[PDB]
Structures are given as C-alpha cells and as structure tokens.
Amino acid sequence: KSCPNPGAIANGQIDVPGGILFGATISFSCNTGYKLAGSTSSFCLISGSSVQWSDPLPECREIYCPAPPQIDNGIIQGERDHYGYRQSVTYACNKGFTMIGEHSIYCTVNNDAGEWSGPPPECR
C-alpha cells in the first residue's frame, strides 16, 4: 500500500506533493550547476506482488565549463582539471607586462551548459 522511502539524489531534490502511497507521484530536479540524467518523476505502482516506484531516481551531474583560455605573456594561477558553476580562474601577467581587462572570469551556466562569464584579460 506504500512505496519505500524515495532515498536521495546527490546534488538534486525530490519533491513529494502527496505522500508515497500506492498511486502517488514524486518529481525530481537538480541543484543549480547540475544536469539531470534519467527520470524526471516516479509513480508508486504495483508490479507482481511488489508495491514499488515505476522509475529509479535520476542522477545530477556537474555542469563543466570548457578549459579556460590561456593568454599571451600571462598565466593562470593554478588551473583546475574541471571548472564548475561559480568557480573562477584568475590571471596574472608576466614581468614587464601590464594587465588590461578582467582579472578573474567565472564559470556560469547558459542553458544547461558551462559558459565562461567573459573574455580573459590582455597583457601588454
């Protein structure tokens, strides 16, 4: 008469509008910076002698920005293998060059895809 407690989605959320008894529905979504892979909702049904969820919980995978751009006569202060939402890259110009433009850029999300907030600075 009742399905088992839904469980948890890492970096995701489970919405339960009206309990988890036979005939109930639950919905899923991912936290900002993550993409949902799998089911978007699940229904409590009967299969054989089991009262179970129609669909398994989805996964919420981190959205990554592409590798940041390098700049001539400058360096990135410790590049990460992966950049996710809200993470940033800070540049520094080499000896003899002055920086022009944004000092740091951030990994943002544009339609479920990682996108850098702006252009890198220039070292003149």
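When you see a residue number, it is the position in the sequence shown, counting from 1.
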Q. Is the mean CA B factor in the deposited entry higher across 88 to 96 or across 51 to 59?
A. 88 to 96
Q. Out of 98 to 106 and 20 to 28, which stretch has the higher average CA B-factor listed in the record?
A. 98 to 106
(Q) Which third, lowest, middle or highest, does the C-alpha temperature factor of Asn111 belong to within its own chain? (A) highest
Q.
Quick check on the deposited entry: does the C-alpha B-factor of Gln77 sit in the lowest, middle or highest third of its chain?
A. highest
Q) Relative to the other modelled residues in the chain, which third contains the C-alpha temperature factor of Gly7: lowest, middle or highest? A) highest
Q. So where's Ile71 on the chain's Cα temperature factor ranking, which third?
A. highest
Q: Comparing against every modelled residue in the chain, figure out the third that the C-alpha B-factor of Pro121 lands in (lowest, middle or highest).
A: highest
